[PDB]
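Here is the structure we will look at.
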Amino acid sequence: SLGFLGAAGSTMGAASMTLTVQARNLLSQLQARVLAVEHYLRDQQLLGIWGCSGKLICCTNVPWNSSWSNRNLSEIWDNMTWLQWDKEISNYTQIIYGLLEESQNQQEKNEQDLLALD
Amino acid sequence: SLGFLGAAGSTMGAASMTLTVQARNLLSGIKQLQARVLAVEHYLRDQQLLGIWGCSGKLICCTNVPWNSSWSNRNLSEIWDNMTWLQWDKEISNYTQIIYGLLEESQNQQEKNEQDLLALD
Amino acid sequence: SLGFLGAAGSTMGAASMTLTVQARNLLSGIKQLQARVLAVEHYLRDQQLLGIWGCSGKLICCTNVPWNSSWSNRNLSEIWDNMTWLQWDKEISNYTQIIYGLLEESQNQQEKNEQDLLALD
Amino acid sequence: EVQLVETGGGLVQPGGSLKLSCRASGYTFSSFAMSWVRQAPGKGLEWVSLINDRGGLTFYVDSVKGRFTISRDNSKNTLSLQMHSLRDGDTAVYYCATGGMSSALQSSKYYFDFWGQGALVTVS
Amino acid sequence: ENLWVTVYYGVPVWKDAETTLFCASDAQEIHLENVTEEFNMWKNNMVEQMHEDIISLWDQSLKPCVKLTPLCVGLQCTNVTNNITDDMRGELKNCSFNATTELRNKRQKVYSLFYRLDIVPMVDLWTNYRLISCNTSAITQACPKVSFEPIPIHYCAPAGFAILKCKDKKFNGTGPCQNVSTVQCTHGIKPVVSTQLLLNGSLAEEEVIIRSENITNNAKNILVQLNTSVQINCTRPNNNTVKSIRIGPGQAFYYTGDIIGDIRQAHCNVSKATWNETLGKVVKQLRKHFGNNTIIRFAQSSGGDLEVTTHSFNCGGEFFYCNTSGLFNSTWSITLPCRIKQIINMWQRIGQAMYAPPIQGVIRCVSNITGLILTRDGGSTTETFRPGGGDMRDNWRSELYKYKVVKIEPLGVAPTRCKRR
Ligand SMILES: *[C@@H]1O[C@H](CO)[C@@H](O[C@@H]2O[C@H](CO)[C@@H](O[C@@H]3O[C@H](CO)[C@@H](O)[C@H](O)[C@@H]3O)[C@H](O)[C@H]2NC(C)=O)[C@H](O)[C@H]1NC(C)=O
Ligand SMILES: *[C@@H]1O[C@H](CO)[C@@H](O[C@@H]2O[C@H](CO)[C@@H](O)[C@H](O)[C@H]2NC(C)=O)[C@H](O)[C@H]1NC(C)=O
Ligand SMILES: *[C@@H]1O[C@H](CO)[C@@H](O[C@@H]2O[C@H](CO)[C@@H](O)[C@H](O)[C@H]2NC(C)=O)[C@H](O)[C@H]1NC(C)=O
Ligand SMILES: *[C@@H]1O[C@H](CO)[C@@H](O)[C@H](O)[C@H]1NC(C)=O
Ligand SMILES: *[C@@H]1O[C@H](CO)[C@@H](O)[C@H](O)[C@H]1NC(C)=O
Ligand SMILES: *[C@@H]1O[C@H](CO)[C@@H](O)[C@H](O)[C@H]1NC(C)=O
Ligand SMILES: *[C@@H]1O[C@H](CO)[C@@H](O)[C@H](O)[C@H]1NC(C)=O
Ligand SMILES: *[C@@H]1O[C@H](CO)[C@@H](O)[C@H](O)[C@H]1NC(C)=O
Ligand SMILES: *[C@@H]1O[C@H](CO)[C@@H](O)[C@H](O)[C@H]1NC(C)=O
Ligand SMILES: *[C@@H]1O[C@H](CO)[C@@H](O)[C@H](O)[C@H]1NC(C)=O
Ligand SMILES: *[C@@H]1O[C@H](CO)[C@@H](O)[C@H](O)[C@H]1NC(C)=O
Ligand SMILES: *[C@@H]1O[C@H](CO)[C@@H](O)[C@H](O)[C@H]1NC(C)=O
Ligand SMILES: *[C@@H]1O[C@H](CO)[C@@H](O)[C@H](O)[C@H]1NC(C)=O
Ligand SMILES: *[C@@H]1O[C@H](CO)[C@@H](O)[C@H](O)[C@H]1NC(C)=O
Ligand SMILES: *[C@@H]1O[C@H](CO)[C@@H](O)[C@H](O)[C@H]1NC(C)=O
Ligand SMILES: *[C@@H]1O[C@H](CO)[C@@H](O)[C@H](O)[C@H]1NC(C)=O
Ligand SMILES: *[C@@H]1O[C@H](CO)[C@@H](O)[C@H](O)[C@H]1NC(C)=O
Ligand SMILES: *[C@@H]1O[C@H](CO)[C@@H](O)[C@H](O)[C@H]1NC(C)=O
Ligand SMILES: *[C@@H]1O[C@H](CO)[C@@H](O)[C@H](O)[C@H]1NC(C)=O
Ligand SMILES: *[C@@H]1O[C@H](CO)[C@@H](O)[C@H](O)[C@H]1NC(C)=O
Ligand SMILES: *[C@@H]1O[C@H](CO)[C@@H](O)[C@H](O)[C@H]1NC(C)=O
Ligand SMILES: *[C@@H]1O[C@H](CO)[C@@H](O)[C@H](O)[C@H]1NC(C)=O
Ligand SMILES: *[C@@H]1O[C@H](CO)[C@@H](O)[C@H](O)[C@H]1NC(C)=O
Ligand SMILES: *[C@@H]1O[C@H](CO)[C@@H](O)[C@H](O)[C@H]1NC(C)=O
Ligand SMILES: *[C@@H]1O[C@H](CO)[C@@H](O)[C@H](O)[C@H]1NC(C)=O
Ligand SMILES: *[C@@H]1O[C@H](CO)[C@@H](O)[C@H](O)[C@H]1NC(C)=O
Ligand SMILES: *[C@@H]1O[C@H](CO)[C@@H](O)[C@H](O)[C@H]1NC(C)=O
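Residue numbers (PDB author numbering), protein chains in the order written: chain F, 519 to 546, 575 to 664; chain B, 519 to 546, 572 to 664; chain E, 519 to 546, 572 to 664; chain K, 1 to 52, 52A, 53 to 82, 82A to 82C, 83 to 100, 100A to 100H, 101 to 112; chain A, 32 to 58, 82 to 141, 150 to 309, 311 to 395, 413 to 459, 463 to 504.
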């Protein structure tokens, strides 16, 4: 299992299989506890604004723009680590999150209409 | 586009398109700590109340509880196109707890039915 | 309608109908902030643990982990009809960490299988 | 009460493609779902496709699901229907119409209300 | 129509609520179209919280300071030997006492000038006066090198709450407000503490606003918010030389050493023409509630102690108590003498006394007058208005009148033709 962050130096396709190890160490002086709770809740709220409510791996309907990163999957997942990838796409992260929100909003209305057919 | 509560004076059909704008602003010495704990508790109580209705992770959640004509005898062309959420919230201050109880009971029945269907070989 | 923990002495099959009654009572100077923060932390640890298992938003969550007869060799007519949740907890507490680990691993495998199924054009 | 004007095409060979369009005036286009309905010269009416008010949801009959695409532009008040792999059996007058499904917050319809003037599709 | 309950989260609605606001300082605003909100400045819990916050911060600032226990002695006070003007005779005394020093067994004879208002006569044979507060409470010296200048403070709502601001012109503090906006933090409000006149604050945009609860009840204070500021020049024209001694290990006491030159009375200058026009503006906006043919009279603030009968304020760090007799004497340059006081009991407290250290040189302040606190006599064809104040909530109601704190209720239900299955 390697432990907490033990896959930080591993490739993305290897580190992505240890997400629960990282997730279980996010919740476990009062200012520190409230700050940790707020950060956890802000991340869960961002996941819930998107359709990724209860999932650790979540596939969305936002296509990947080659202007964000033009690497093929044989480099992102097999060669690159999450730290290097996180550095590469920092400048576009706030763009990507916005598009994710927009996609879910459209999906919610579409689902509301699809469930409205008698 | 209009910002937090910007759609408050718009009709509820139009204000329903700003649910993420409202949701993002609910989470963000002793008074600061008490205020932060209180905001967290209000957020978690609303999230638990959604969760027990089967609406976890959704901002628009359809249910299977029928609308009683005694709660508000209005057509959708009037509720959604000519009324705001504030006026509606005032109008159904009464019966809100009845609706919440019915939603909780409907979700309990749905969870039992799903458990029985998934256990059906 | 038995109240908070009113079903504590009821059988497991009967007590499972009161999951929302116990669930809604989990959320509601520095001594009181420590108490409130600990209540929030316990709630969030339980909700995160449910999320890891793929059970987020549900009070009755069915899984793909087979039951090991070494954990308990009782049949359903004994566990659900002639046993309470307290007695069951006393019997299973030695094995709940193995069960939790198996639930986490099963959900991780399920998430990878779902991602691969959604990758078929 | 409202005006719907279709633009048609000419004669297309089997296996080709043809684009129909429809322009709306006199009402808020973005507030209503739109549909396309087919009528063969000697037969009755047949519904072919339905699109909702936002253009996000499209529905078709089984016979055209892999051949016809319906598209909506709410800024130009324009509908289009792009038909591929046309056969001689698809020769018909196609109409655009306002009606069909309503988007959950509106009163239920499930009917066609306003009709255009028709457009001819002839397939050799 | 076979309608079903649909649950929405993120609903833009709110309910009135009272919560704890946090403070911010400088080390968005969203206009709500078609939103009418009912305001009530007299039930606004932001005022009670601001009052408690200012008192708490005041107590925290004064707590770690010199307790001046050695000053509750007997004072050998004589007449000041300098050149004293006609109206300052007997208002300042030259008092000699034996004060302690670092060594417990050594005492030093200290001469200091005290104002007559800071000392009380007694009938001991060898000593004539004592400090006014020594029979009531300990006197804490304010820490030196600490300013009393109001610094703009912003009150900010917790997440999940919002502050609504009323943008209506000529808004009288209660009732519907049609032009509203949502903010997270208020504007910078200066915690100015004064009586009878509001000195530094929000100015009215179009006209003078007469703002009161139950205006027919004369017992309620009327807050007058001016649309033009009247400039008041506050001066203490005495070149004060300040001396300092130590009275214990780590303790130091500051006192008036001498006055260089002649001794003159402190004054406030309010322009006669500008104030006359300001009173005309107040009267024109006041007749609306009493009748166009009702005679409106202004009279002085008869009744109460110095704190409420005079215009009190903190100028430089000295507390001025100005006799506003020339501003409120009319039937429809003004120089006001001011008394300076150093043993201060602020708000309505009795047992918490503070000693304001003297400031070297000559103090000059240039302040605005943006509003007034008036009261009305009770009991035909004439009305009498007098300066009021001393409660100190009015000084903050005059700034918080446009803000309301609301709790956001993001969850709601509505009928839709949408069935879950
Ligand atoms: C209402 O606002 C006016 C304008 O700010 C206030 O007057 C200002 O008061 C401060 C008090 O600290 C003055 O600062 C002092 O200035 C002297 C100048 O020699 C300096 O030696 C001190 O160390 C300190 O910096 C400031 O100059 C003064 N402004 C003007 C234009 O005179 C006034 O006090 C406010 N009213 C109340 C009741 O607080
Ligand atoms: C307020 O106005 C009076 C005018 O009556 C000022 O008094 C004058 O002050 C100057 C200052 O040196 C003297 O030279 C004049 O002789 C004074 N005039 C009289 C008639 O006594 C007073 O100084 C002003 N105060 C402020 C604070 O501006
Ligand atoms: C100073 O203030 C007092 C009231 O606060 C003014 O009125 C005097 O009040 C006392 C007691 O109420 C009376 O004995 C005096 O006769 C009053 N004065 C007059 C002129 O009638 C007083 O006038 C103010 N001082 C100045 C210089 O205006
Ligand atoms: C570090 O790199 C080596 C080189 O392939 C690899 O075998 C090893 O697994 C990596 N470490 C981790 C923790 O993945
Ligand atoms: C990628 O981003 C650029 C930025 O302007 C935009 O023009 C382009 O259309 C985007 N492409 C996709 C496929 O989203
Ligand atoms: C991905 O791109 C790189 C370019 O540096 C190339 O060398 C590599 O072969 C590509 N991957 C595949 C699978 O073709
Ligand atoms: C990709 O793989 C090559 C293998 O030689 C390595 O040198 C390079 O650093 C890798 N890229 C990154 C971003 O680590
Ligand atoms: C990202 O931003 C940093 C500074 O904000 C800049 O130095 C860097 O070059 C940017 N990277 C890209 C890929 O735009
Ligand atoms: C307020 O009402 C007017 C009336 O036509 C409407 O046009 C406007 O959009 C409304 N405001 C908002 C924010 O929807
Ligand atoms: C609606 O509420 C009324 C309450 O007076 C009740 O009598 C009625 O049965 C309810 N309708 C349904 C369909 O449950
Ligand atoms: C909705 O109900 C109101 C109530 O009188 C009615 O006037 C209006 O015509 C109704 N709308 C529709 C579309 O039926
Ligand atoms: C809710 O019910 C109470 C019961 O007396 C009534 O007084 C109140 O007016 C009702 N409110 C609404 C909005 O119908
Ligand atoms: C307690 O036991 C008796 C035994 O018959 C049973 O009838 C009763 O329902 C039990 N109480 C509860 C709360 O389940
Ligand atoms: C669970 O059952 C298997 C056989 O199915 C057994 O090998 C294993 O040891 C059991 N687990 C425990 C913890 O005893
Ligand atoms: C099933 O349960 C009954 C009691 O209800 C018990 O007597 C029987 O032995 C059990 N059978 C098993 C575990 O095979
Ligand atoms: C199990 O059944 C017996 C039958 O008599 C009953 O007495 C006992 O109370 C039951 N146990 C529970 C926990 O309900
Ligand atoms: C759980 O393990 C402890 C450790 O020895 C043991 O004493 C206890 O009896 C076990 N519990 C059960 C129910 O077997
Ligand atoms: C106070 O009295 C002392 C007596 O020695 C004298 O020296 C001092 O100058 C006096 N102060 C004033 C202001 O006259
Ligand atoms: C001190 O001044 C007061 C002021 O009225 C006067 O009455 C008293 O006689 C003076 N004392 C002396 C000793 O001159
Ligand atoms: C202190 O003495 C003064 C002398 O006038 C008196 O008025 C006041 O009431 C006294 N205070 C107390 C608390 O005894
Ligand atoms: C509301 O007040 C602001 C303050 O400047 C003003 O700009 C705006 O025009 C006002 N709106 C209305 C509708 O009066
Ligand atoms: C005082 O009023 C003047 C107008 O003459 C204004 O420019 C100044 O900013 C005001 N100062 C304060 C502190 O309100
Ligand atoms: C203040 O209000 C009065 C009302 O009579 C008006 O005449 C004057 O012009 C106003 N001044 C400003 C600066 O708005
Ligand atoms: C304030 O305005 C409201 C608006 O209705 C009015 O009812 C009230 O009497 C006014 N009060 C004063 C003191 O002007
Ligand atoms: C003011 O209070 C008195 C107290 O009895 C009451 O009679 C009167 O009606 C009130 N007036 C207003 C305008 O609230
Ligand atoms: C007060 O007197 C001292 C004595 O030197 C002098 O330096 C200072 O400038 C004087 N101040 C004023 C305001 O006259
Ligand atoms: C004193 O007040 C008058 C009012 O007429 C004003 O003109 C003057 O500038 C003020 N003095 C100072 C130093 O600000």
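The beta-carbon is built from N, C-alpha and C at its ideal position, and this holds for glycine as well.
Check, Outcome
"Are the C-beta of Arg588(E) and some C-beta of chain F separated by less than 7 Å?", "yes"
"Residues in the same chain with beta-carbon distance under 6 Å from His82A(K), minus the five sequence neighbours each way, listed in chain order, please.", "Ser17 and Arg66"
"Closest to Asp84(K) by CA distance: which of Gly15(K), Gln3(K), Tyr100F(K) and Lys19(K) is it?", "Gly15(K)"
"If the cut is a Cβ gap below 9 Å, which residues of chain K does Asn618(B) touch?", "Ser100C"
"Any heavy atom of ligand 26 inside 6 Å of the beta-carbon of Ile201(A)?", "no"
"State buried or exposed for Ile423(A), treating a residue as buried only when at least 16 other CB atoms are found within 10 Å of its CB.", "buried"
"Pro438(A) and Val304(A) - do their beta-carbons sit closer together than 7 Å?", "yes"
"Closer than 6 Å to a non-hydrogen atom of ligand 8 - does that hold for the CB of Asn637(F)?", "yes"
"Per DSSP, which one or two residues make a beta bridge with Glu83(A)?", "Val245(A)"
"Chain F partners of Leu56(K), CB-CB under 8 Å?", "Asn656, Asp659 and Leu660"
"Which one or two residues does DSSP pair with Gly451(A) in a beta bridge?", "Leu260(A) and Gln287(A)"
"Note down, in chain order, every chain F residue with its Cβ under 7 Å from the Cβ of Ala100(K).", "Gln658, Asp659 and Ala662"
"For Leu593(F), tell me which candidate among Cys604(F), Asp664(F) and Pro609(F) has the shortest Cα-Cα distance.", "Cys604(F)"
"Please report the straight-line C-alpha distance between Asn295(A) and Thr248(A), rounded to a whole angstrom.", "29 Å"
"Quick check on the burial criterion: 16 or more other C-beta atoms within 10 angstroms. Buried or exposed for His585(E)?", "exposed"
"For the beta strand (DSSP E) that contains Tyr91(K), what are its first and last residues?", "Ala88 to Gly96"
"Evaluate contact between the stretch 485-493 of chain A and the stretch 314-334 of chain A, counting only Cβ atoms and requiring at least three cross-stretch pairs below 8 Å.", "no"
"Assuming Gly250(A) and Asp186(A) make a contact with CB atoms under 8 Å, what is their CB distance in whole Å?", "About 51 Å; that fails the 8 Å criterion."
"Consider the C-beta atom of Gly441(A) and the heavy atoms of ligand 26; say whether any pair is separated by less than 6 Å.", "yes"
"Assuming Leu537(F) contacts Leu602(F) under a Cβ cut-off of 8 Å, what Cβ separation, rounded to an integer in Å, is found between them?", "5 Å"
"Does DSSP put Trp631(E) in a helix, a strand or coil?", "helix"
"Step through the CB atoms of chain F and report whether any lies within less than 7 Å of the CB of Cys501(A).", "yes"
"List, in chain order, every chain K residue whose beta-carbon is nearer than 9 Å to that of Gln652(F).", "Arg53 and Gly55"
"Closest by CA to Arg542(F), which one among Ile642(E), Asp589(E) and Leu545(E)?", "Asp589(E)"
"Do the CB positions of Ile323(A) and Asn356(A) come within less than 7 Å of each other?", "no"
"Is there at least one non-hydrogen atom of ligand 2 closer than 6 Å to the beta-carbon of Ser413(A)?", "yes"
"Could you please tell me which residues of the stretch 519-531 of chain B, in chain order, have their CB closer than 8 Å to any CB of chain A?", "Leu520, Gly521, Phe522, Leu523, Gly524, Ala525, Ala526, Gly527, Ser528 and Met530"
"Determine the closest residue to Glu647(F) out of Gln591(F), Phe522(F), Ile595(F) and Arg579(F), with distance taken between C-alpha atoms.", "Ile595(F)"
"Here's a check: name, in chain order, each residue in its chain whose Cβ is nearer than 6 Å to the Cβ of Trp47(K), leaving out the five neighbours to either side.", "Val37"
"Hey, how far is the Cα of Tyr27(K) from the Cα of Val2(K)?", "6 Å"
"Would you mind sorting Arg469(A) into buried or exposed? The rule is 16 or more other CB atoms within 10 Å of its CB.", "buried"
"Taking the straight line between their C-alpha atoms, what separation do you get for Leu259(A) and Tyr173(A)?", "36 Å"
"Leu20(K) lies in the beta strand (DSSP E); which residues open and close that run?", "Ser17 to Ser25"
"Is there contact between the stretch 426-435 of chain A and the stretch 201-213 of chain A, where contact requires at least three CB pairs shorter than 8 Å?", "yes"
"Taking DSSP's pairing of strands, which residues face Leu4(K) in a bridge?", "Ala24(K)"
"Using the beta-carbon count (16 or more within 10 Å), is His374(A) buried or exposed?", "buried"
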